[PDB]
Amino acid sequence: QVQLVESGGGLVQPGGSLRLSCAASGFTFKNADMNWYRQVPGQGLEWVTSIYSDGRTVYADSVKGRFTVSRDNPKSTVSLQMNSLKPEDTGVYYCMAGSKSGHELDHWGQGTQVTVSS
């Protein structure tokens, strides 16, 4: 059974910093792609960032220079250092692992609410 355990949400004032974590168990973490999505209540998911098994990091232009993705392969943990938050970053964030094995499905996490307002 593949599991993704999210952690690190909560309330933060405009300008704060957060560190979301994704606990992966049940597959080869060193050979998997990890992606982050946020969903504002009322709209669809927005691709936030992604880090492949190659270590390459790709960020959306809405969070360029403010977010950062970490990959602790021995711990099998995906860390998203969310720094210098704005009110437009409010929403539920999802980390998901997917692909490489064909007749497989992208496994998703349970989500963590992130609120930024004052």
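Residue positions are given as counts along the sequence shown, with the first one as 1.
The PDB entry reports B-factors from which the mean C-alpha value can be compared for 95 to 103 and 17 to 25; the larger average falls on 95 to 103. Per the deposited record, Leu85 carries the highest C-alpha B-factor of all listed residues (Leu85, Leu80, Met34, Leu45). In the deposited entry, the Cα temperature factor of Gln39 places it in the middle third of its chain's modelled residues. In the PDB entry, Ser62 places in the highest third of its chain by CA B-factor. Sort the chain's modelled residues by C-alpha temperature factor and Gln1 lands in the highest third, per the entry. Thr90 sits in the lowest third of its chain by CA B factor, as recorded in the PDB entry. Ranked against the other modelled residues of its chain, the C-alpha B-factor of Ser50 as given in the entry falls in the lowest third.
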